[PDB]
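Below, in structure tokens: the form deposited without the named molecule, a single chain.
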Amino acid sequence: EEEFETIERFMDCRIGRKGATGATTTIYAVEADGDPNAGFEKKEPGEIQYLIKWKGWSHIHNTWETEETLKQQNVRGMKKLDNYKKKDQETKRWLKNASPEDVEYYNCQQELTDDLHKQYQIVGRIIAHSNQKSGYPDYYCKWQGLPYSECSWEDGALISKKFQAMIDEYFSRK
């Protein structure tokens, strides 16, 4: 009965251009067609958007979404939206009177943290390849900064467009 998608974790929130969310927001889509939030200023409306890590999908499939888009798609695990907001309002709050020292420590940590999350969308190594095919076999990828328990199967055409090197090395391994 129908297909849902479910929120695993909230990766980030920002103010972005109306409509700049969902499947045209994945970095592989952004790299391919551009960023729907590219322009965005102030000049036009604002919309709080949440970057989403989906259950069953690797980080490259993260997309920006809004509280509205989530409900239009029947996405599950929304109780997780209430906690995130709460937490976020709380820290933007704290950020109001934070020591100059504390704020600095805050910025250094989020910088580092943000770098790690960026790695998750990078193929650190191709470890297998299906032989079904539609000519592009699927590849089992090992993600940078993540355990092997996070490896995932990914469309070959898509992974090759950016991690060709990683798949040529895989084959040189025989």
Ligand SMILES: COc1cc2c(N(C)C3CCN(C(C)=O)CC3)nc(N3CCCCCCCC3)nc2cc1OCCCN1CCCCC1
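All residue numbers refer to positions in the sequence shown, first residue = 1.
Missing here is the form deposited with the named molecule bound; even so, the following discussion is about that form.
Residue contact check for residue 155: one or more of its heavy atoms lie within 4.5 Å of the named molecule in the deposited bound form. The named molecule is not shown here, and in the deposited bound form it never comes within 4.5 Å of any heavy atom of residue 165. The named molecule in the deposited bound form is approached by residue 54, whose closest heavy atom lies within 4.5 angstroms of it. Although the partner is absent here, residue 16 sits far enough away that none of its heavy atoms falls within 4.5 Å of the named molecule in the deposited bound form.
Though the named molecule is absent from this view, in the deposited bound form it lies within 4.5 Å of a heavy atom of just one residue from 136, 106, 28, 140, which is 28. Taken together, the three residues 8, 74 and 80 lack any non-hydrogen atom within 4.5 angstroms of the named molecule in the deposited bound form. Heavy atoms within 4.5 Å of the named molecule in the deposited bound form belong, among the stretches 117-125, 142-150, 62-70, 33-41, to residues of 62-70. For the stretch 21-44, the set of residues having any non-hydrogen atom within 4.5 angstroms of the named molecule in the deposited bound form comprises 22, 23, 28, in sequence order.
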